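Worksheet: the structure to be examined is printed underneath.
As a convention, Cβ positions derive from the backbone with ideal geometry for all residues, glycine included, and neighbour counts pool all protein chains shown. All of the numbers you see were taken from the coordinates with simple rules; none came from a lab.
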Amino acid sequence: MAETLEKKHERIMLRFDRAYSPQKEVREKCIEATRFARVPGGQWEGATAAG
Amino acid sequence: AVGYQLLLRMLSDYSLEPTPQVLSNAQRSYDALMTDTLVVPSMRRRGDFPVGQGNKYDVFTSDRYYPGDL
C-alpha cells in the first residue's frame, strides 16, 4: 500500500532512473547540436586545449 | 672523434700525408659526434597572429593573439 511517504519516494527515484536510462544518448546529440549551432565557441568543443 | 681530429691537426708536425682510410674513419666519427649533439629549433607564431574562436579566449585564456616571441 506504501502507507509512508518515504516508501513512496524511492519508487519515484526508481521510475526516474528507468525513464532516464533509455533516452540518454539521444538528448546528448540534441544538446550537442544546439551548442554547436548557438554557442560562439561550441564548434571546437572537445579539443579546446590542444597543442 | 677527438683523437682523429687531433691526429689530423697534428700530422703536419712530422710532414706525413694522411691515408684515405684514416680520413674516412675521422669523418665518420665526427659525423656521429655531431649527430649526438644535434638540436633542431622549432619556429613560433609571429605575435600578431590571431587565435581563433575555438580556443575560447574569453574565459579559458586571455590571448587574442599569440605571444610567439619570448
Worksheet entry | Residue within the range B:44-64 that is surrounded by 10 or more Cβ atoms within 10 Å (Cβ to Cβ), within 14 Å of chain A (Cβ to nearest Cβ), part of a helix (DSSP H, G or I) and out of contact with any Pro (no Cβ under 7 Å at 6 or more places or on another chain) present | yes
Item to complete: Please work out if B:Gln5 is out of contact with any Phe, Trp or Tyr (no Cβ under 8 Å at 6 or more places or on another chain) and assigned to a helix (DSSP H, G or I).
Response: no
Discussion item. Please go through the range B:12-22 and give me each residue that is without any contact (Cβ under 8 Å) to a residue 12 or more places away in the chain and part of a helix (DSSP H, G or I), ordered by number.
Written reply: B:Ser12, B:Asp13, B:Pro20, B:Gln21
Discussion item. One residue is enough: does the range A:2-11 have a residue meeting the conditions hydrophobic (A, V, I, L, M, F, W, C), surrounded by 10 or more Cβ atoms within 10 Å (Cβ to Cβ), without any contact (Cβ under 8 Å) to a residue 60 or more places away in the chain and more than 14 Å from chain B (Cβ to nearest Cβ)?
Written reply: yes
Item to complete: Please find, within the range A:18-51, the residue that is nearest to the other protein chains (Cβ to nearest Cβ) out of those that are touching a helix residue (DSSP H, G or I) at 6+ places or on another chain (Cβ under 8 Å) and surrounded by 11 or more Cβ atoms within 10 Å (Cβ to Cβ).
Response: A:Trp44
Practice prompt. Search the range A:27-46 for residues that are free of Cβ contacts under 8 Å to residues at least 60 places away in the same chain and pair each with any residue that is assigned to a helix (DSSP H, G or I) and of a type in the set (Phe, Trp, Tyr) when their beta-carbon atoms are under 8 Å apart and the residues are at least 6 apart or on different chains.
Written response: A:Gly42/A:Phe36; A:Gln43/A:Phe36; A:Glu45/A:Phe36
Fill in: Considering residues of the range B:27-43 that are small (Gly, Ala, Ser) and exposed (fewer than 11 other Cβ atoms within 10 Å of the Cβ) only, the residue farthest from the other protein chains (Cβ to nearest Cβ)
B:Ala32
